[PDB]
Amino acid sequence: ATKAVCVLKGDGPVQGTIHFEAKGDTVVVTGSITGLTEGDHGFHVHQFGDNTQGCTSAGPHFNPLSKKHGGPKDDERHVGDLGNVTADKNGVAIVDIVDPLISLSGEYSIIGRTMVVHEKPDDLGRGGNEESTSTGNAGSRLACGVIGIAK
């Protein structure tokens, strides 16, 4: 309802803890992700909270308005399109995002859905091939977790 949390795990070294808090009429996303390669990594909400086949069973990006993939500042984007997180030379990425389209309740609620951090940078729907318009060319899912209600 007001606060949520996600613990990111995968088959590699990438781990992290993401916190979500409804503040006013928006949602603030914070936390950190370690064990990444330096550089940008796509960071999205995928539709299902199903981890029966690791991160693969989370499905595509959460997209209740049926739009094409984009960057978080675009009109045309998926609700789950949170852009990229940037890791330092030590593999650490600090997440500090304010997003208008996600919610913690109602139609846009991401509770019970999956947060994924990807292998490569998300090209924000501007790569030029069909895959850019679905995933940003963000590639494999390095770690993920189901978003749960927190105290």
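Counting begins at 1, following the sequence as shown.
Enquirer: So 131-139 or 5-13, which one's hotter by mean CA B-factor in the entry?
Expert: It is 5-13 that shows the higher mean C-alpha B-factor.
Enquirer: Do the CA atoms of 53-61 or those of 25-33 have the higher mean B-factor in the entry?
Expert: Comparing 53-61 with 25-33, the higher mean C-alpha B-factor belongs to 25-33.
Enquirer: If you compare 82, 124, 87, 101, which has the highest Cα B-factor in the entry?
Expert: If I rank 82, 124, 87, 101 by C-alpha B-factor, first place goes to 87.
Enquirer: With respect to the C-alpha temperature factors reported in the PDB entry, which of 117, 111, 45, 97 ranks highest?
Expert: That would be 97, according to the entry.
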